[PDB]
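Residue numbers (this note's numbering), protein chains in the order written: chain H, -8 to 544; chain Y, -8 to 544; chain L, -8 to 544.
Backbone N, C-alpha and C fix where the C-beta goes; we use that ideal spot for every residue, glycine too.
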Amino acid sequence: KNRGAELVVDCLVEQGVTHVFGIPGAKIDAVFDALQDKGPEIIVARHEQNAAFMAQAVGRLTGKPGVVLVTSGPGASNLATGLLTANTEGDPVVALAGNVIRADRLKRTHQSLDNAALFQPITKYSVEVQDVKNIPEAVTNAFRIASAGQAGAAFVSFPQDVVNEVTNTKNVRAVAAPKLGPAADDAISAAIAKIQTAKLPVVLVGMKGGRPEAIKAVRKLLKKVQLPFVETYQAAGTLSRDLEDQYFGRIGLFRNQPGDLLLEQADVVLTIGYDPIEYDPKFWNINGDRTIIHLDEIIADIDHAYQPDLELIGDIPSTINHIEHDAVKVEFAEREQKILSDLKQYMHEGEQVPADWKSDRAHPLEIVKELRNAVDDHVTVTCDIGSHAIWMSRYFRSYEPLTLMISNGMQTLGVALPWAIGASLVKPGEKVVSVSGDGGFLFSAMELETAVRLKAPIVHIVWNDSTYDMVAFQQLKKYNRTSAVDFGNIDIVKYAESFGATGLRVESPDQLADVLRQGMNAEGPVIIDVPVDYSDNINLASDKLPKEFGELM
Amino acid sequence: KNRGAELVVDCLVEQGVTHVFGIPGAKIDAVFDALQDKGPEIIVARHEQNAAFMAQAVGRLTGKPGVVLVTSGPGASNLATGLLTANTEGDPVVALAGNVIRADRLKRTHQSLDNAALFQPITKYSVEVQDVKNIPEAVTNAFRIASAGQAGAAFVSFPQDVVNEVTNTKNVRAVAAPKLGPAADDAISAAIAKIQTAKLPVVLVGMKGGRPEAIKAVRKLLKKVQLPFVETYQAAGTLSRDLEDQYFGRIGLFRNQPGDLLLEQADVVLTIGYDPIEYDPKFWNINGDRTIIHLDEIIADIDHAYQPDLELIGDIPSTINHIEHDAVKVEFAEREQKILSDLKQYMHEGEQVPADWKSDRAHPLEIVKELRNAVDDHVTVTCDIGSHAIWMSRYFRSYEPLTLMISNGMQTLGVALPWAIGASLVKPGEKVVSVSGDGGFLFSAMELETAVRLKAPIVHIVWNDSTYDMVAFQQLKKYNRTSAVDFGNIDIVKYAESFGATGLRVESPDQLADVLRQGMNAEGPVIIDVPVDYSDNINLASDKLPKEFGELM
Amino acid sequence: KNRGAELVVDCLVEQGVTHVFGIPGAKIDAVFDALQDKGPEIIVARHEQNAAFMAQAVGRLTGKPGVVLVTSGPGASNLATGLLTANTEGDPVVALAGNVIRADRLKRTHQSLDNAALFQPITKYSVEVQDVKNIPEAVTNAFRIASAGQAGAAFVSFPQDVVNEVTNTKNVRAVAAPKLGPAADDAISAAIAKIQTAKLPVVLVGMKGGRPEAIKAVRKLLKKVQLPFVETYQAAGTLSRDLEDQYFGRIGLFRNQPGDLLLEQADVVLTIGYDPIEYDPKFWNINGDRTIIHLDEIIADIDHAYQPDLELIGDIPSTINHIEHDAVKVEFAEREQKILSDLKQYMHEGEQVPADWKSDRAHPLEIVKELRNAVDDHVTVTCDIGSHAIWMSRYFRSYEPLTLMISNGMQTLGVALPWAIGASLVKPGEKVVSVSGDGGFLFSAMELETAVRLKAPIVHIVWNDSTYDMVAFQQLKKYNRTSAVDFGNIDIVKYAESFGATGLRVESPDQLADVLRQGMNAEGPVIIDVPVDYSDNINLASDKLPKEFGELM
Ligand SMILES: Cc1ncc(C[n+]2csc(CCOP(=O)(O)OP(=O)(O)O)c2C)c(N)n1
Ligand SMILES: Cc1ncc(C[n+]2csc(CCOP(=O)(O)OP(=O)(O)O)c2C)c(N)n1
Ligand SMILES: Cc1ncc(C[n+]2csc(CCOP(=O)(O)OP(=O)(O)O)c2C)c(N)n1
Ligand SMILES: [Mg+2]
Ligand SMILES: [Mg+2]
Ligand SMILES: [Mg+2]
């Protein structure tokens, strides 16, 4: 029809977008109309927050920007947290939003605000198009900027008259953002030299080390050089079953893990795609004096506790390959071998249900174990935020890239189920597993209607305790009292059923394996109610292990 | 304990705040701890969005800022829409949010962002406190600005170390924002003179004419001077059964109502507390030279279609009282009486179900009528956004200030149920009615747990059609096709039941009266499923009436 | 012609603007072109900064916004300090700036930036017009907001294509911002009662008390009730020769003046149009409980040291008149008479050159005295920032509204000379005196070419010491050493002459009176070089007086 709206759809077509997540409204209507003629499939969301989470999941899983499309005013403002989350967790997302006509842009008029100014602090790129001619340029740059390292959120606002205006404007080529080359040669050489001369060189795999191509490169380096390593939460899946012996767990949240003690003992740390948001360096880079090699697609943030002696800036997998090719196996002296062994044993003890445990409900580690054992390595598992997520982030092994998805920048409640829906669209023919607490579940559970409507093969595990627990035990640790953490319980089975989904319940802890398998074999979306005992949770913040290990040394 | 957190709580105590809506988190924990010792009762929300909506309703109902308290990062960013909606709909709200420690404010660290920069474009006042001493000043000023005409949102962010820091800083007195005097005497005199000389002076009652004290003054003026009048949606409740003959209904959305024709025929229009966001002056102030008198607490926005001949700026009720005191009854000539008379007849016809109507579902006007007949004058009714809300906004009579609440600034989906919860807390012991479509219902339906937890006597009416209808019929008018408006239906009765609420269904249109009454007579929260036939909705945007009236003229 | 540019000019004509200060450039050309056909006279500045200062002076002097017109990029950005200064000193200014065409607004292209975002934090109103039809609305609203209390800066940006676009858009009426009524009667009565019952009530005249209409009202109040009073620097001109006995000087900068001690001894303080930027309440409102009555056009800022017991909010002059009408003469008991008398003696001693003074250069007080004696009451005197301005702000009497202009919000160097040029344009045919130090002189001395071109009868007094002295003596008090306060001297006489102006020099202190008079009797701009001895400056910050009065008490 030659409107600005058609230019928007044309960009989405050129970009290879297959799904647009959105909710329509008057100001953005023409784009939704143009999408009836051609373009990506519209996935109708039940809340713009969830459309944004779904777009985030697509960006994380495909490396190409998830797309969310909304109307003016509350349509756009409902995107705030979603875009903020994607923008701090390395996920490319392009948001497209309506606004009032240019002529009324300054007025007190229905659903008008400064769209661009609102998204400026929470996006890589936030613009409003004020001439129909500029649409293909603004949108194309939005895609490129969202994808370029470090990937993030891009926001483009369209005044209603701009998307409705008839124009003879041409589209532009979807010029793909090009990758950087590997880090400079002298820097690669210096890193190899730092690793070979080290008493105990260790690898810290972070956010951008968790991409598939980076994991593949990391694995070769780890196997050849036989470096011990650790994961941040978003680096989950770096581990392969072959590397279990060199693996020292997931660091984060509280400094009391074997990975912390390993990092303390290292004299050289090679960090890969490390965004410190996942775990501030003031937590691990302590004790004193150790070499930091910072390997990433962008330069490091300088911190009191993070002053890289060496920066290898460039494309991450290429850089890792250069190191791998010329580095040789590292030989450990006996002192360090013993250290590695002890930490490995402490690690194994940390993963066990306590000897003095008895309960009418499952221990978190029982839920983790049974879940891991009922789900194939290749199945994508998404996780929400809370005490369950501490357990999952630490103890749920993952062995394939992008099969354990966690919000570890913004720690945003409600992401798990919509992430799973985004995942299922990206992985047709595959089950997707989502895990949340009961608090976070209701943040986005209305999107279960979307899952049912799509007949998505999603299995949602709700850890049921009836509190905002992650807040609660930290409150007890600081103040010895809780505040605003209690709510009533709902019937999760019947909630599921009211949406036309399947609802299951682990009625007693011994039924865990059977019910989980039943979910994996059920038709359509499943919600599983899993009662959990959280009395052991305060130990997630316990300082026993760093003290024990300190006495040993 | 004497922390910054105690200073925050002391301010709430001095402000006379009885309820704080919020969700705790690590960064804002100390304030929630301090609220255990004293201060307002904490209402735990199931989403910060709903906490903000609840605070908005308290603000609208009480004239004192509703208070919402949230943690850093996604805690704060989830407030965006809530605060924006309050900021543009005249509702005083104070938001208090946590942030990361000052030393790390610039870092990539968990849940960190420029809180103040984010809320700057969508609030009257958006600040971050960087010294514990400044807390009582920042908070007190936030309350005053939130309350001062025109009322809106204020946002205050606290870095974690600021609220945890021990200090001997003194509280400040809660100096209440003072009301203004009436508009200048000469402006009042001139306004009276222009009204007395008019062939057809009419009153347009707007957003700030909808406050109890303003409605009280407005009614005396209307009664004595015998002016025809019209309401904006947020002026609902201005009407008394005694003023029905002077009442030409609610204007808004589409220019096709008797109220539009009244305004066109007027030679003098007195607007009262008129925020043009409810209905742009370009829609009604057309086809002819006409005198505009702007009575408000703030100066007017100048528009092509709104250039006031006179501005009466000052305290609204006292200004109206000065006019009422010296104005006298207006005498209509026979020509103008017939105009008024004909418009009243057109109005009556518009409120009727068409004669050739037959359906297996309720007509929207049957739902409006039966609902109104089942609800006592004093009961607060909240409304959501959509086609249902158009029928309610036009045809649901209200006879008391603050008994029909509509989002007529941002038009935000999901407000109705959380608004009903806020209302129930402001008016303990009273039923509160909430009305939504099936689309908007799921935007906020998770807050049903809160309602059940409080044993709130809320009765929620769901208009069931299975689409985003308001978008849909407008798409058909423009494009002769819809886009992205379809979703599946959920079982509303079973949805309600899973929360421990009561679910009812109008299974056939003849049971509407009984089922409504059954809801009004139940204990605890009720959700009512009401099937509706929307085939007449397209006529809501029809130009038939202005055309018919044009020929008559 | 009927482009957007013509709509801009039509707005200036309707506003009654007689002078536009500006510098042309490609992006804003059309407006400058349109100004050749009709509208205000263009005054070409030699720097946009100075164009802003000149507009600020016009706003302060006329109460109608000074108007500045600049191009895109560095044209607009050169306005920052000027607008920031106007915006915090109560001066109405409207800035009109160009920008890049809409299509290229997001590009790296010559002179493009987000204009509106830049000016957002430093203006009352900062907007960009994106549709030619919106021009008349945006501009008219800019004038009203700049003028509305509290007056400040409004900024409007025009993309080049918007102002070059041919349009049938109509102008809008220049609807003048309406006056508020006085404060409410009950607040007035209460203030009168508190004043009558006071042992020692005093008036603090502030920024918005310095307007001609307010001073006029203030004078009646002070005369009838016989209240002692003090001025802030921007309240200069409140004094008349008849009120000298009730006059306790100008407060500000350092707490060591009779006015501070007066305020301390007072039990009731009526502040008038008080913006605390001129002197923070934490300096004067100390050592004891006292009643604060806040009289202003806007609500007060609540501070630890400022919690008004009463707020009288409304039109300032009317509110004062209402007080004056019903208040009666205050009777002082002997204790208070002695306090007042003691303070007048201290005040009189403070205005004298020390007896032990001997120097080969003038004492600051000799310059002040001689200048005052060489300048008629009506002549506007503008002042810069520095040690010279402390002497002037304290000791230069003014007897007429708007005849001593000081930057007491931002304290901006360089204002004096451009302010004098603005003044000379507001008051054609009158001499204007400008006073600066040698440091601030060069901040804006290039505008001397503008003064010479206009043949403006300006006499500029340069206090010559060869340092940034106000910084220097303050550095010595804190650190006992200076840093970066020294620069070389220029030949001020030759500087003046190179511009085609007259340069004079006070070669010895005894020629002070005659050289100044020689400047006042000269034709065209004159710069006067006056050597000054700053060895007594450190006493401006001396704590001597408050200690002596403390011992006396
Ligand atoms: C949007 C948002 N609000 C608040 C928080 C702070 N917060 C962290 S964990 C938590 C509660 C988690 O509760 P739940 O989902 O039931 O999981 P559980 O800890 O009980 O296993 C909250 C409110 C957050 N991370 N995100
Ligand atoms: C947060 C938000 N998203 C989108 C819109 C645009 N919008 C206006 S009405 C409507 C659909 C309402 O559907 P429903 O609640 O089922 O009521 P119905 O129209 O069917 O009566 C939408 C999506 C909006 N006003 N607010
Ligand atoms: C734009 C700007 N830069 C710096 C300052 C800081 N400052 C305040 S007073 C002063 C000294 C100015 O020296 P001068 O004009 O010669 O006056 P003097 O003190 O020597 O009389 C300075 C630099 C300022 N007020 N404004
Ligand atoms: Mg829980
Ligand atoms: Mg619907
Ligand atoms: Mg100097």
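- [ ] Kindly provide the ranges of any beta strand (DSSP E) runs that are 3 or more residues long and lie completely inside the region 400 to 475 of chain L, ordered along the chain.
- [x] Here the runs fully enclosed are 423 to 428 and 449 to 455.
Open item on the list: Are there any heavy atoms of ligand 1 lying less than 7 Å away from the beta-carbon of Y:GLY73, as far as the coordinates show?
Closed with: For this step, residue 73 of chain Y is matched to residue 82 along the second sequence. Closer than 7 Å to some heavy atom of ligand 1: that does not describe the Cβ of Y:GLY73.
Open item on the list: Is the beta carbon of L:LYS214 closer than 8 Å to that of L:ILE284?
Closed with: In the third sequence, residue 284 of chain L corresponds to position 293, counting from 1. In the third sequence, residue 214 of chain L corresponds to position 223, counting from 1. Taking 8 Å as the Cβ cut-off, L:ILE284 and L:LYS214 do not qualify as a contacting pair.
TODO: Output, in chain order, the set of chain Y residues within a Cβ distance shorter than 9 Å of H:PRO267.
DONE: Here residue 267 of chain H refers to the residue found at position 276 when the first sequence is read from its first residue. What H:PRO267 touches in chain Y: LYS98, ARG99 and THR100.
Task: Sub-8 Å separation of L:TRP454 and L:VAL521 beta-carbons - done: In the third sequence, counting from the first residue as 1, residue 454 of chain L sits at position 463. In the third sequence, counting from the first residue as 1, residue 521 of chain L sits at position 530. Less than 8 Å divides the Cβ of L:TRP454 from the Cβ of L:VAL521.
Task: Identity of the residue in L:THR188, L:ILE206 and L:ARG232 nearest L:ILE263 by Cα - done: Taking the first residue of the third sequence as 1, we reach residue 263 of chain L at position 272. The candidate whose alpha carbon is nearest that of L:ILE263 is L:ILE206.
- [ ] Tell me H:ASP477's beta-bridge partners as DSSP assigns them.
- [x] One-based indexing of the first sequence puts residue 477 of chain H at position 486. Beta-bridge pairing links H:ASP477 to H:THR458.
Task: Limits of the beta strand (DSSP E) - the one that H:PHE239 falls within - done: Translated into the one-based positions of the first sequence, residue 239 of chain H becomes position 248. If you look at H:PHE239, you'll find it in the beta strand (DSSP E) that goes 238 to 241.
Open item on the list: Just checking Y:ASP258 against ligand 3 - is the residue's beta carbon closer than 7 Å to any of the ligand's heavy atoms?
Closed with: Taking the first residue of the second sequence as position 1, residue 258 of chain Y is located at position 267. Y:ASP258 Cβ: outside cutoff for every heavy atom of ligand 3.
- [ ] Mind listing, in chain order, the continuous beta strand (DSSP E) runs of no fewer than 3 residues lying wholly within the region 225 to 312 of chain H?
- [x] Taking only runs of at least 3 residues, the beta strand (DSSP E) segments lying wholly in the region 225 to 312 of chain H are 238 to 241, 259 to 263, 282 to 287 and 301 to 304.
Open item on the list: Shorter than 7 Å, the distance from the beta carbon of H:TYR386 to the closest heavy atom of ligand 5, or not?
Closed with: Taking the first sequence and counting its residues from 1, one reaches residue 386 of chain H at position 395. For ligand 5, not one heavy atom lies less than 7 Å from the Cβ of H:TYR386.
Open item on the list: Quick check on residue 601 of chain H: does DSSP put it in helix, strand or coil?
Closed with: As shown, chain H starts at -8 and ends at 544. That puts residue 601 of chain H outside it, with no answer to give.
Task: C-alpha distance - H:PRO169 paired with H:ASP28, whole-angstrom precision - done: Mapped onto the first sequence, residue 169 of chain H falls at position 178. Mapped onto the first sequence, residue 28 of chain H falls at position 37. If I take the Cα positions, the gap works out to 31 Å.
Task: Contact under 8 Å by Cβ, Y:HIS295 with L:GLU255 - done: Reading the second sequence from its first residue, position 304 is the one you call residue 295 of chain Y. Reading the third sequence from its first residue, position 264 is the one you call residue 255 of chain L. It is not a contact, given that the beta carbons lie outside the stated cut-off.
TODO: Could you name the residues of the region 293 to 318 of chain L whose beta carbon sits closer than 7 Å to any beta carbon of chain Y, in the order they occur along the chain?
DONE: Those residues of the region 293 to 318 of chain L that come within reach of chain Y (Cβ to Cβ, closer than 7 Å) are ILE293, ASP294, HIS295, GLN298, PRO299, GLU302, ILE304 and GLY305.
- [ ] Please state if the CB of H:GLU80 and the CB of H:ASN399 are separated by a distance shorter than 8 Å.
- [x] To locate residue 399 of chain H, count along the first sequence from 1; it is residue 408. To locate residue 80 of chain H, count along the first sequence from 1; it is residue 89. The answer is yes: Cβ separation under 8 Å.
Open item on the list: For L:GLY420 and Y:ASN312, I'd like the C-alpha separation in whole angstroms.
Closed with: Numbered from 1 along the third sequence, position 429 holds the residue referred to as residue 420 of chain L. Numbered from 1 along the second sequence, position 321 holds the residue referred to as residue 312 of chain Y. Rounded to whole angstroms, L:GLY420 to Y:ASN312 spans 50 Å at the Cα level.
TODO: Name the two residues that bound the continuous beta strand (DSSP E) containing L:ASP95.
DONE: Taking the third sequence and counting its residues from 1, one reaches residue 95 of chain L at position 104. Here L:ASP95 belongs to no beta strand (DSSP E), and DSSP marks it neither H nor E.
Task: Buried or exposed (CB count within 10 angstroms, at least 16 for buried), H:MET544 - done: Against the first sequence, residue 544 of chain H aligns to sequence position 553. Under this definition H:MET544 is an exposed residue.
TODO: Would you verify that the beta carbon of L:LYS124 is, or is not, closer than 8 Å to some beta carbon of chain H?
DONE: Your numbering for residue 124 of chain L matches position 133 in the third sequence. Closer than 8 Å: yes.
Task: L:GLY541 beta carbon less than 8 Å from that of L:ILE518 - done: The residue you call residue 518 of chain L lines up with position 527 of the third sequence. The residue you call residue 541 of chain L lines up with position 550 of the third sequence. Not in contact: L:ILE518 and L:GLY541 (Cβ atoms no closer than 8 Å).
- [ ] Could you check which residue in H:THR158, H:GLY515 and H:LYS18 has the C-alpha nearest to that of H:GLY89?
- [x] Position 98 of the first sequence holds residue 89 of chain H. Of H:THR158, H:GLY515 and H:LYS18, the residue nearest in Cα terms is H:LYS18.
Task: Touch test, the region 360 to 367 of chain Y against the region 222 to 242 of chain Y, Cβ-Cβ under 8 Å, three pairs minimum - done: Because the criterion of three Cβ pairs below 8 Å is not met, the region 360 to 367 of chain Y and the region 222 to 242 of chain Y do not touch.
TODO: May I have the straight-line CA-CA distance separating L:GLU391 from L:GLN298, to the nearest angstrom?
DONE: As a first step, residue 391 of chain L is located in the third sequence; it is residue number 400 there, counting from the start. As a first step, residue 298 of chain L is located in the third sequence; it is residue number 307 there, counting from the start. CA-to-CA, the gap between L:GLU391 and L:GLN298 works out to about 32 Å.
Open item on the list: Using DSSP's beta-bridge definition, name the partner residues of Y:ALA86.
Closed with: As a first step, residue 86 of chain Y is located in the second sequence; it is residue number 95 there, counting from the start. In the DSSP output, where bridge partners are listed per residue, Y:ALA86 has Y:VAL59 and Y:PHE146.
Task: Spatial distance of Y:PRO345 from Y:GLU514 (CA atoms) - done: As a first step, residue 345 of chain Y is located in the second sequence; it is residue number 354 there, counting from the start. As a first step, residue 514 of chain Y is located in the second sequence; it is residue number 523 there, counting from the start. The C-alpha of Y:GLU514 is placed about 37 Å away from the C-alpha of Y:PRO345.
TODO: Flag Y:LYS161 as yes if its beta-carbon sits less than 8 Å from any beta-carbon of chain L, otherwise no.
DONE: Within the second sequence, the letter at position 170 stands for residue 161 of chain Y. Y:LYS161 counts as touching chain L.
Task: Partner residues on chain L for H:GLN121, Cβ-Cβ distance less than 7 Å - done: To locate residue 121 of chain H, count along the first sequence from 1; it is residue 130. For a Cβ distance threshold of 7 Å, residue set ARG93, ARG96 and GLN121 of chain L lies close to H:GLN121, ordered along the chain.
Task: H:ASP266 burial status per 10 Å Cβ neighbour count (16 or more: buried) - done: As a working note, residue 266 of chain H is residue 275 in the first sequence. Classification of H:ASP266: buried, given that the 10 Å Cβ count is 16 or more.
Open item on the list: Using a 10 Å radius around the Cβ and a threshold of 16 neighbouring Cβ atoms, would you call L:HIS379 buried or exposed?
Closed with: Position 388 of the third sequence holds residue 379 of chain L. L:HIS379 is buried by the Cβ-count criterion.
Task: Under 9 Å by beta carbon: chain L residues contacting H:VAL118 - done: Locating residue 118 of chain H in the first sequence gives position 127, counting from the first residue. Result: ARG96 and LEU97.
Open item on the list: According to DSSP, is H:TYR486 part of a helix, a strand, or is it coil?
Closed with: On the first sequence, position 495 is the one that residue 486 of chain H refers to. If DSSP states are grouped into helix, strand and coil, H:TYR486 belongs with the helices.
Task: beta-carbon H:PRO409 near ligand 2 non-hydrogen atom, thresh 7 Å - done: Residue mapping note: residue 409 of chain H aligns to position 418 of the first sequence, counting from 1. The answer is no for H:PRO409.
Task: Beta-bridge pairing of H:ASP520 - partner residues as DSSP gives them - done: Translated into the one-based positions of the first sequence, residue 520 of chain H becomes position 529. The partner list for H:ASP520 (beta bridge, DSSP) reads H:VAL453 and H:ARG496.
- [ ] Closer than 7 Å by beta-carbon distance: list the chain Y residues that pair up with L:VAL221, in chain order.
- [x] For the purposes of this step, residue 221 of chain L is identified with residue 230 of the third sequence, where counting begins at 1. Under a criterion of Cβ atoms nearer than 7 Å, no residue of chain Y is adjacent to L:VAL221; the nearest Cβ is some 23 Å distant.
TODO: Kindly indicate if chain H contains any beta-carbon less than 8 Å away from that of Y:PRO537.
DONE: Numbered from 1 along the second sequence, position 546 holds the residue referred to as residue 537 of chain Y. Answer no: the Cβ-Cβ gap between Y:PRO537 and chain H never drops below 8 Å.
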